[PDB]
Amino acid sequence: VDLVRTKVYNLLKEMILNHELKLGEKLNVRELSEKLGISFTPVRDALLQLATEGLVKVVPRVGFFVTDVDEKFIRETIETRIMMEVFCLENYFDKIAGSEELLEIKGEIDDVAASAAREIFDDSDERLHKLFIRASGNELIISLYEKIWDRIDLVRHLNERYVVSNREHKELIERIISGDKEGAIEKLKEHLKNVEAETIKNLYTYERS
């Protein structure tokens, strides 16, 4: 289920980022099905799920459309992350600082600063932000974030300054390892608000919206 949604989602992201699909554009389910080798019903069901995260607009008896992602959609995405991630980092700080995972992410971060390989950025980016959430141990929280992860992920990709983001993550982690809880929190706010400003600026490079 998550499995099909994730392939559907991944195709949709790939075609938005390639400018094959415009923001607001009507989706052709048959097309998606040809591309993915998945039958109609399962694709349809995935799209309904994505509509649930606000990625797809559903017009009954009409069809499915790619959301017309606009500034408000971005801002709301980021502000939602600030609320959740900051809440997790603040309250689960010791647990995050002490995790070995944080150290492996740090290693990826250092690789990006040298190589600038986007895939390693995406992996390290996801792991760091999700670590904050996961460290709560609060399965409701963690499932809320998971529920909107596809939206988070698409938004993540609508900017191009990943190397600067890489450096911001580095500094975050450094504050965290130093037990500078307050510094870390301010740095996370700063990083996300920075990402948000840059995304809003990049947005006109996408067809429509």
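Just count from 1 along the sequence shown to find any residue number.
Mean C-alpha B factor from the entry: is it higher for 129-137 or for 112-120?
Looking at the record's C-alpha B-factors, the answer is 112-120.
Looking at the deposited entry, does 4-12 or 198-206 carry the larger mean Cα B-factor?
Comparing averages over the C-alpha atoms only gives 198-206.
Whose C-alpha has the highest temperature factor in the PDB entry: 106, 95, 81, 75?
Across 106, 95, 81, 75, the entry lists the biggest C-alpha B-factor for 106.
Which is it among 35, 170, 61, 156: the one with the largest CA B-factor in the entry?
The listed residue with the largest C-alpha B-factor is 61.
Comparing residue 23 with the other modelled residues of its chain, is its CA B-factor in the lowest, middle or highest third?
Highest third of the chain for residue 23's C-alpha B-factor.
State the tercile, meaning the lowest, middle or highest third, of residue 165 with respect to the CA B-factors recorded for its chain.
Middle third.
Taking the C-alpha B-factors as the PDB entry records them, is residue 150 in the lowest, middle or highest third of its chain?
It belongs to the lowest third of the chain when residues are ordered by C-alpha B-factor.
Against its chain's modelled residues, does residue 52's Cα B factor rank lowest, middle or highest third?
For residue 52, the deposited C-alpha B-factor lands in the highest third.
Which third of the chain does residue 176 land in by C-alpha B-factor: lowest, middle or highest?
It belongs to the highest third of the chain when residues are ordered by C-alpha B-factor.
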